[PDB]
């Protein structure tokens, strides 16, 4: 029907930095061997997408952004055995080939098939499936979900519960899993511990959720926008602090509130100064600090090695440390079992065609997650 044929649809293309997305008519090639073409149903707006627009996260242009989403399999290529047409799925910006050193290591998830580190803007075979007015369009982190139809590698697509509400579970595609996992899986927050969370957007709030789920005694939420505090409290924050209210640097305020520092700190903003503050705020002898935020391209931190010699542990992670393919289905299963809710994270719902308004909402600081419906 459309199987084996090229599909003509709409997609939000970014042709230039700092410019609005352009809803364009695009051609989506049929899926090659071990590939899956997906009809998108819902896509969340994550700060990382915006990082590309602003120039903070470098990627080849023109490109179709979007990586937090959920859809339904339209067709599959030769050899596909994990999903079938009609299956509800969530694309994985961090693939899980299952065969590489990293996929085989129980404690890691940054699969060697990824396109995050040194962006090619292509699928795993090094080619593109998108075209627009005679111009090829680059993919984004292997998924390009801001399109009515996208084609992805089989190891970058997870099959989920058939009764799943895609307009909600799409957050498991990035935001929620990243934040939740950063606390429960990466930092391995312990019951009775003290945590400091920098940044209260969709990812940071999911970190607050993770810390509460891990049984943290104190979860101090840090954010320069006091409007983000109510939600942080509802989700588990015991205290909310605004750096702008203090004469002292935020790390010193945090250390004074916590007997020398927190046991676990998380930077969920993407700024060098806040990464430094987060490291400095965890206790020098027993603190752990996790970098979640994506820093601006080519910018380096200035760190004194003594900060680590006394006993600190500094680490970072992509997608909360979750091995994508095996984890996403389980997270959806937990959601269906009502282990956690994502309603608090969805502040706005807009049709895909109003993607620009969704980004305006993010930039304004009012929204957490705006979900786009196709």
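Numbering follows the first chain given and starts at 1.
A summary of the deposited B-factors shows that, of 130-138 and 212-220, the stretch with the larger mean C-alpha value is 130-138.
Per-stretch averaging of Cα B factors for 11-19 and 354-362 places 11-19 on top.
Taking the PDB entry at face value, the top CA B factor among 33, 65, 346, 309 belongs to 33. Note on the listed residues 185, 233, 247, 255: the highest Cα temperature factor in the record is that of 185.
Ranked within its chain, residue 84 lands in the highest third, by CA B factor from the PDB record. For residue 314, the recorded CA B-factor ranks within the middle third of the chain. Only modelled residues enter the ranking. Residue-level temperature factors show residue 47 in the lowest third of its chain, judged at the C-alpha atom. Ranked within its chain, residue 181 lands in the middle third, by CA B factor from the PDB record. In the PDB entry, a CA B factor belonging to the highest third of its chain's modelled residues is recorded for residue 117.
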